[PDB]
Every structure is written in C-alpha cells, then in structure tokens.
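S.K.: Before I ask anything, let me first share the structure, which is written out below as structure tokens.
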Amino acid sequence: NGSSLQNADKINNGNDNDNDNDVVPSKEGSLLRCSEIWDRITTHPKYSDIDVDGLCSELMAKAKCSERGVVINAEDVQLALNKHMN
Amino acid sequence: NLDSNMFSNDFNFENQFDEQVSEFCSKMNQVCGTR
C-alpha cells in the first residue's frame, strides 16, 4: 500500500522561532510555598538519600516574592527533589 | 476542632521551638530584597 522507499517528510517546515512568551501558563504544576513542600516531603513514603541543603539553594533562588508569601512551581521542586534521588 | 495553625510546642527537643517556617521559609522570602 506504499512504495515504502518514499523518502520524504512533512512539508510543515514551520520553525516559528518565538521567544519565551511565558504568559498565563497552563501546564501541570500547582502553586506551593516554602515549608509547603514539607508537606510534599511527607506525601512520599519513599525517602532514601535526599539532600535538604540542595533544595535550599535550589528553591531559595527560584523563589518568586509575592504577597501570597514566596511561591514556586511544583515543576522546580519536583525536578529538584527528583535530581537528588540516588 | 483541628489543631493546625497553632505553631508546634516542644522546646525539650533541644532549646528553640520546632515551628515549621523559620530561617528556612523566613529566608526563602528574604529573597524579596531589592538588589
């Protein structure tokens, strides 16, 4: 049902080099604060060999000062908590 | 009647209260300092 050797690709070629237009995001990631993660730490009966010091210099400079206290995307604490799991 | 909100209460642990948001959180907001 095809030559199979059909060497080709999609004629899209749509590069669209748009800059980081970060505005009203909508991906998976709840809004949590400092000790707020302390709750995340508990919600996982896993635990094994994590470093609480790395989360300090990782969540402290990703912090976003707001009147709702400091707020960070669970995508930074999930990548900071999953990159230190040996 | 729950019990949240109220801070912890166990100075017998060592000396200061255990709390749950001090130098850790109190400095995570500090970043709000204008450079």
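By Swiss-Prot numbering, chain A shows 565-650, in order.
For this deposited structure, the header notes the method as solution NMR.
Note: Cβ is positioned from N, Cα and C throughout, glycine not excepted.
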S.K.: Examine the ranges A:614-621, A:622-629, A:638-645 and name the one recorded by Swiss-Prot as motif 'Nuclear export signal'.
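M.R.: Range annotated as motif 'Nuclear export signal' by Swiss-Prot: A:614-621.
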S.K.: Quick check on the compositional bias 'Low complexity' (A:571-580): DSSP residue counts for helix, strand, coil, in that order please.
M.R.: 0 helix, 0 strand, 10 coil
S.K.: According to DSSP, does A:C620 (disulfide bond) sit in a helix, a strand, or coil?
M.R.: helix
S.K.: Work out, from DSSP, the number of helix, strand and coil residues along the region 'c-CRD' (A:598-629).
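M.R.: Across the region 'c-CRD' (A:598-629), DSSP assigns the residues as follows: 15 helix, 1 strand, 16 coil.
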